[PDB]
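Peer 1: 3D model of this:
(5 chains)
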Amino acid sequence: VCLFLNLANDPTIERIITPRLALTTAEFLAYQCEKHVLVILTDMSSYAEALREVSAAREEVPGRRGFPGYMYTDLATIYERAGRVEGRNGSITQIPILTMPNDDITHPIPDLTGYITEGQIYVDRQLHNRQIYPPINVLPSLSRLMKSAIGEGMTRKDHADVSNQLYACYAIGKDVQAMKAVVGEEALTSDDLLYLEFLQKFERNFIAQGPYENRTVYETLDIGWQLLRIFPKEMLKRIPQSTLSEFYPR
Amino acid sequence: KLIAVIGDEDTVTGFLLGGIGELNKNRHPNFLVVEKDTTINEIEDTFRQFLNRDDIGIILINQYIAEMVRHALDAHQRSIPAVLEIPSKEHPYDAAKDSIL
Amino acid sequence: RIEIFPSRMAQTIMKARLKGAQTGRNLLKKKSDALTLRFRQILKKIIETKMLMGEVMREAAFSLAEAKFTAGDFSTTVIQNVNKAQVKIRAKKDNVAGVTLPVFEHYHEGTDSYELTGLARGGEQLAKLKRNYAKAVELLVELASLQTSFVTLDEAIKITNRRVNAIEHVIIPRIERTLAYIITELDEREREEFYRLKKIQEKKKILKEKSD
Amino acid sequence: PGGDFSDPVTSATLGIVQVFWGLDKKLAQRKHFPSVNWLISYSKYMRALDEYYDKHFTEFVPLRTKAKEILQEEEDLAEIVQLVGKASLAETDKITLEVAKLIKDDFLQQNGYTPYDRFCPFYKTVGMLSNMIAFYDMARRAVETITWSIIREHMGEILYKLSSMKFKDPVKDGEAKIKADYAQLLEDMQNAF
Amino acid sequence: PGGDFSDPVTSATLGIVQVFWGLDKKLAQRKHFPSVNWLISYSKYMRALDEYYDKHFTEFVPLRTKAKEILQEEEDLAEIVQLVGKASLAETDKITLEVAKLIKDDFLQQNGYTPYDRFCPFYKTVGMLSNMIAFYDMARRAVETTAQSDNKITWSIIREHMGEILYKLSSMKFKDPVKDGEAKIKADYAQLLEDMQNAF
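Peer 2: Numbers count the residues shown, from 1 in each chain, chains lettered A, B, ... in the order given. Okay, here it is:
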């Protein structure tokens, strides 16, 4: 890990040359040495505030909502120094952490990054106050290249299908919890008795990974089938019959 | 908190024998036998008499008898007391109070 | 119809007002749908039992022919020595979707009144006519417990499906076309400060070349 | 009072500060003092403190992780009861709804113009949190089998003792700690019923 | 521009003008002319003008106090019947919803191109308002005093029986300027038809 970090005390011109210093070593390690680099750009929303100070230092006019007009280039200059090439077997992967203010996705920092990047991961506040530790919301967060990234040659054969079912059973799990408060806990349906216990096991056992608990992709899908031990066979409509017969009985 | 019955002659002698009748000498009897020579007004007031009483929970009445007092029970659109339509020995239950849907 | 003043912090307030009214409909939609599903299967239970009592009231009234044909005439004896009731009602309370529901409970108590009736001729064609009409009144209080349950649901599904259609067609399109007004009124001030700031940018240059 | 997270003096503040006690105006309309609302407020200083907590106050961290749970599980249910009406919707979640009202008026409320509530020490603070969460684990298992409609005024002498713990003198050092031990064992007899 | 009164021309005007006749755009789709919106409009000449009113027209200050009030209670009850329906409404409020609707086509509507409403004098204006408010005041007593005991007036009694007197009210505005002293007599004559029917 080659960390370098810029405090709030530090000069704000150094906050612009920090992602420039980040990727130009991360594309020396990926396109001049053959490593697989992963770049983490924390506090992105604090980067565009350091772009606003320099743009208003040379006496420019502002743009939409204060941020300058060329921010879609300056973000694309540091987001699109990624991907992998054909001449070498190196690669560079970006996870830019950014905090949208006041839960507004129409803000120009989480909107102009939605046109350059490839799908979001949505940390939620309602999950955090319930005090599961990683607050990753599964419903509004999709990975765009998730289809290409998994498979039998990559990680596993049933990974393309158990991820399609865990999200789908969580979707039917959500309105069942809202149904519990509107009619009653026992008189609703015999179907919703079983989805409601999975949501207690999906929240606490699967996505409430501990602070130091490492968990491989094989250890993840083992919990992925432990939660699908519930909902006996031919309820899981998304999983095909080939991969369902192999992994579900154990 | 008792049951009322209009019915007919052969109906009311079976349901009194069932054990639903009560003779209130103060207010009124809780049943009304209808013969061949009972006016429709006598069925009309007694339907209103059973409706205004607080202790009446069910009003049993044959649909063959309730067909002429259909206009009065179509004005009763409350939940309590419940009006029930029972078959006679002629023309059984066909088309009463399932007509709300 | 516009509600309040635009152009700061009312957009976030109206986005809180919209989000509450968006799932407030969907919560009340599931209430009105579970009420209708409770109303749909209670219709068939009315249908399957209102023809079933038509057989029981044909079977028990057939026993009325099995009845005074043997033993005289039960048309003045039974209608002249009744004082109190033997089978009564108790008003219990059911509940579905948070709506209180009246239900009638069977309650036989107190005495017999036609214990000594016939007794010298008949009395076995009677008191099975009682059992044919104690079972008939046992079924008919269960159907009265659903007849007063049927019409109280259609008074609570109509005053719920209006509140669905009041939120869906009045409250939300008043909030939605208010939120489209705060956006443009923000924009008509964001280009107003672009004219005042660019006027100073030109007046800082004209004052500069006057010095040069 | 306004511009909650969209104000360039507040939006620049939240990127620097670690603790943020949001004073809410909805609680100040009902004169809830202090007016800190417990949802939008935060503290980044929860990892740096448990090394101190597991030395002195070893009981506190398992209380606070559930003390913040109860205040949110009531928050969604308050959006339910407002629309569909209080049919109480549950019994395992009704006990959470009133042990939160115990928290929002006895634990969280604090009138600073009294000679007792103007400063609460930590052993008076972790004492009230231990007692009012021991009512929450014991009445959770009590409905694993009774209903809170029985419990509410059957344990009314205990619900008065939990609401009256915030009146003790700040000079009662051992005597408030015995009172914490006294009121907790009296709930143990009632759950043994 | 666009019918928006939050405008730097209008907002700088209303700090200077004392009277403000706020016209409405919804009141011109429905042909309600003149389209003066009676809720947002105001005037600050009233306290200064009742001294004139206590000399010439000595009954009009209690008239507009109830005439503005019946238009005030109609607006709060209009939002009621568009959400929860008019079936659950009370009887002291259903009489309010009719006379305020009787005001909105008689009093406030005025066809400026016909010979009788192109210019009305002030005795004609105080004339038909002294009757429609007295009608609301008399129909107040038909619900208030006999409230529970008798099988009372449910106002469908009134609306199907007093339709000829309401036709005298709904056609009172048709007095062209060929009659001057006759209009005050007809104002008390249509009141005398309104006077006797509370006994009937």
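Peer 1: From here on, just use CA atoms for contacts and neighbour counts.
Peer 2: OK.
Peer 1: Contacts only, for whatever residue of chain B ends up closest to chain A.
Peer 2: Using CA to the nearest CA, the point where chain B gets nearest to chain A is residue B:79, with a distance of 21.9 Å. Under the criterion of CA atoms under 8 Å, 6 or more residues apart in numbering or on different chains, the contact partners of residue B:79 comprise C:148, C:149, C:151, C:152.
Peer 1: How about the residues of chain C by chain E?
Peer 2: Residues of chain C lying close to chain E by CA under 8 Å from any CA of the partner chain are C:159, C:162, C:163, C:166.
Peer 1: Can you pick out the most distant pair from these?
Peer 2: Farthest pair in the residues of chain C next to chain E (CA to CA) is C:159 and C:166. Separation: 10.5 Å.
Peer 1: So between these two, which is more surrounded?
Peer 2: For residue C:159 against residue C:166, the residue with the higher neighbour count under other CA atoms under 10 Å in any protein chain shown is residue C:166, and the figures read 16 against 13.
Peer 1: Just to be sure, the more buried one is in a helix?
Peer 2: Yes: according to DSSP: H, G, I helix; E, B strand; the rest coil, residue C:166 belongs to a helix.
Peer 1: do you know how far it is from residue E:76?
Peer 2: 17 Å (CA to CA, to the nearest Å).
Peer 1: Repeat that for residue A:245.
Peer 2: From residue A:245 over to residue E:76 the distance is 65 Å, taken as CA to CA.
Peer 1: Three-state assignment for residue 201, please.
Peer 2: No chain in the question, so chain A it is. Judged by three-state DSSP, the three-state class of residue A:201 is helix.
Peer 1: think we crossed wires, I meant chain C
Peer 2: In terms of secondary structure, residue C:201 is helix; the call rests on three-state DSSP.
Peer 1: where does the residue of chain A found nearest chain C fall, helix, sheet strand or coil?
Peer 2: Across chain A, the shortest distance to chain C (CA to the nearest CA) belongs to residue A:183, at 3.9 Å. Three-state secondary structure (criterion: three-state DSSP) places residue A:183 in coil.
Peer 1: Enumerate every residue touching the nearest residue to it once chain neighbours are set aside.
Peer 2: Leaving aside its sequence neighbours, residue A:183 sits nearest to residue C:97 (CA to CA, 6 or more residues apart in numbering or on different chains; 3.9 Å). Each residue near residue C:97 by CA under 8 Å, 6+ apart is listed here: A:182, A:183, A:184, C:31, C:34, C:35.
Peer 1: C-terminal to the longest helix seen in chain D, what's the next element?
Peer 2: What stands out as the longest helix in chain D, according to DSSP state H, is helix D:60-84. On the C-terminal side of helix D:60-84, the nearest following helix or strand under DSSP states H and E is helix D:94-102.
Peer 1: tell me what that following helix is packed against?
Peer 2: Other helices and strands packing on helix D:94-102, by 3 or more CA pairs under 8 Å, 6 or more residues apart in numbering or on different chains; DSSP states H and E, are helix D:60-84, helix D:122-141.
Peer 1: and of the ones you listed, who's closest to chain B?
Peer 2: Across these, the minimum distance to chain B, taken as CA to the nearest CA, is reached by helix D:60-84, at 22.0 Å.
Peer 1: Show me what that closest one is packed against.
Peer 2: Helix D:60-84 makes packing contacts with helix A:126-129, helix D:50-53, helix D:94-102, helix D:122-141 when contacts are defined by 3+ CA pairs under 8 Å, 6+ apart.
Peer 1: what's the most buried one of those?
Peer 2: Mean neighbour counts were compared across the helices and strands packed on helix D:60-84 using mean count of other CA atoms under 10 Å in any protein chain shown; the top stretch is helix D:94-102, at a mean of 19.
Peer 1: what's the distance between that one and the middle of its chain?
Peer 2: In this view, helix D:94-102 has its centroid 10 Å away from the chain centroid, taken as CA atoms, centre = their mean, to the nearest Å.
Peer 1: tell me the angle that helix makes with helix D:122-141.
Peer 2: Angle of helix D:94-102 versus helix D:122-141, following axes from the mean of the first three to the mean of the last three CA atoms, to 10 degrees, is 160 degrees.
Peer 1: just the angle between helix D:94-102 and helix D:60-84, please?
Peer 2: Interaxial angle of helix D:94-102 relative to helix D:60-84 (the same axes, to 10 degrees): 110 degrees.
Peer 1: Wait, residue A:157 touches residue A:151, no?
Peer 2: Yes: with contact defined as CA atoms under 8 Å, residue A:157 counts as touching residue A:151 (5.4 Å).
Peer 1: So which residues on chain D come close to chain A?
Peer 2: Within reach of chain A by CA under 8 Å from any CA, chain D has these residues: D:4-6, D:11, D:15-16, D:39, D:65, D:68-69, D:72-73, D:77, D:80, D:84, D:89-90.
Peer 1: Next one: whichever residue of chain A sits closest to chain B from residue A:189, what distance?
Peer 2: Each residue of chain A has a distance to chain B, by CA to the nearest CA, and the smallest belongs to residue A:183, at 21.9 Å. When distances are taken as CA to CA, residue A:183 and residue A:189 turn out to be 10 Å apart.
Peer 1: Can you pick out the residue with more neighbours from the two?
Peer 2: residue A:183 (23 against 11).
Peer 1: Give the burial count for residue A:104, as a bare number.
Peer 2: Counted with other CA under 10 Å, the burial measure for residue A:104 works out to 15 neighbours.
Peer 1: same check, this time on the one 5 residues further on
Peer 2: Residue neighbour count, defined by other CA under 10 Å, stands at 24 for residue A:109.
Peer 1: And for residue D:56?
Peer 2: 10.
Peer 1: one step back: show me the contacts for the residue of chain A closest to chain C.
Peer 2: Under the criterion of CA under 8 Å, 6+ apart, the neighbours of residue A:183 are C:31, C:34, C:96, C:97, C:98, D:89.
Peer 1: All the strands of chain C, residue numbers only.
Peer 2: Counting by DSSP state E, chain C has strands at residues C:87-96, C:99-108.
Peer 1: now do chain A
Peer 2: For chain A, the strands defined by DSSP E cover A:36-40, A:83-84, A:91-95, A:122-123, A:136-137.
Peer 1: need those in a markdown table with mean neighbour count, can you?
Peer 2: Compiled in a markdown table, the strands of chain A are given as follows (neighbours: other CA atoms under 10 Å in any protein chain shown):
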| stretch | mean neighbour count |
| --- | --- |
| strand A:36-40 | 18 |
| strand A:83-84 | 14 |
| strand A:91-95 | 18 |
| strand A:122-123 | 15 |
| strand A:136-137 | 18 |
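Peer 1: out of these, nearest to chain E?
Peer 2: Between chain E and the strands of chain A, the shortest separation by CA to the nearest CA is 36.5 Å, and it involves strand A:136-137.
Peer 1: Which neighbours in the sheet does the closest one have, and how are they oriented?
Peer 2: Strand A:136-137 sits in its sheet next to strand A:122-123 (antiparallel), going by DSSP bridges.
Peer 1: need the contact list for the residue in chain C positioned nearest to chain D.
Peer 2: For chain C, the residue closest to chain D is residue C:98, as judged by CA to the nearest CA, at 5.3 Å. Taking CA under 8 Å, 6+ apart as the contact definition, residue C:98 lies against A:182, A:183, A:184, D:84, D:85, D:86, D:87, D:89.
Peer 1: before we move on, back to that, secondary structure class of the residue of chain B closest to chain A, three-state.
Peer 2: Under three-state DSSP, residue B:79 falls in the coil class.
Peer 1: How many residues are close by residue 203?
Peer 2: Since no chain was named, I'll use chain A. 16.
Peer 1: actually chain C
Peer 2: A count of nearby residues for residue C:203, using other CA under 10 Å, gives 12.
Peer 1: need the longest helix for chain B.
Peer 2: Criterion DSSP H: the longest helix present in chain B is helix B:40-52.
Peer 1: Might you report the residue contacts of residue A:177?
Peer 2: residue A:196.
Peer 1: Tell me the spacing between the residue nearest to the spatial centre of chain A and residue B:74.
Peer 2: Taking CA atoms, centre = their mean as the criterion, residue A:121 is the residue nearest the geometric centre of chain A, at 2.7 Å. When distances are taken as CA to CA, residue A:121 and residue B:74 turn out to be 60 Å apart.
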